[PDB]
């Protein structure tokens, strides 16, 4: 570490999570320390800022919000403070997915602040009309059979949409127990085995059947207006996505309130297994001259009294206790952006399912040291599998080739 200020009066924090403004103010009231919190951009926008500040050797914050998939990019280059010694016993505090996701090469480099265990959200009105019981979709085969019944409703009806999304693909291979990205040798060696990984191949085989039999909406782009439209008019009947989705449903698909339900993700063989999609953490920059004060802040937000405030504003929790809290587990409504409670899931205690989804997450999935690059070019190689007849496996092989070449150029010892 560099030299450390003795009398710390303020710290600098970069984060786009809007709820952190009030949590920071609460922290200032408690400790007398000023928190200069700036939203310098959302995810990759902020990461570009971090990259430049690291390049330039100045201007970096003391703390930064970083999504789990992007942490290795900074941890492996030594740009994040190793906080392992300050987190003894935290393994019992955090849910398995988030806790696994803040560790790189056996060391903790951030604290979880929100999570996104995957869940199966479905339009019960459409499923019932198709003759599908959404509470009995336990295996990927069940989902395939449901997909045929839903599409039987009409040529414009689809169990879900997928036009090619790197995060979705990665999350589904995670769920299948895939480990196509493995970093070894203290961060120097990277094995990319997308083509040979058994989990990856299992998802490819399953998703390829839906693609080949024309059972997926492959044209609607995620988060587009046609996407929310499809969800509200029934042509997109369900979503395989993270536990944070309910907040977006209530505000962006208000017409369908009461028609949807949530269930656990179907798994290849019905085994207990799940993945995460999205979610973020707070990390201390290795360059910080205020390391201890920076850690104290993220400890309050991620581990102390800031956690309850965060959950109460609508963040999906990353810790075990919040999942069982009586102000969380018994929810049957979601507050919209105006504060109005909406019964979006028809009375279901949706957080009980999402709590179980958290417990099921597998803990052996690893991210690349260059996920931002990898996910940005995913569409360059897999797009043809959605606009055309390219087998997913063929696109994934080309993707792997580009990632291995990029890895070598960055200094890693690549294995195939």
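Positions refer to the first chain, counted from 1.
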| Between 226 to 234 and 239 to 247, which has the larger average Cα B-factor in the PDB entry? | 226 to 234
| task | Mind pulling up the entry and telling me whether 249 to 257 or 305 to 313 has the higher mean Cα temperature factor? | result | 249 to 257
| request: Compare the CA B factors listed in the entry for 114, 299, 341, 170 and report the winner. | output: 341
| Looking at 292, 280, 160, 269, which has the biggest Cα B factor in the entry? | 269
| request: Taking the values exactly as deposited, rank residue 73 by C-alpha B-factor within its chain and report the matching third: lowest, middle or highest. | output: middle
| What third of the chain, by the recorded C-alpha B-factor, contains residue 384? | highest
| Once the chain's modelled residues are ordered by C-alpha B factor and cut into thirds, is residue 44 in the lowest, middle or highest one? | middle
| note | So, residue 221's CA B-factor, relative to its chain, sits in which third? The highest
| request: Using the B-factor values recorded in the entry, state whether the Cα atom of residue 58 falls in the lowest, middle or highest third among the modelled residues of its chain. | output: highest
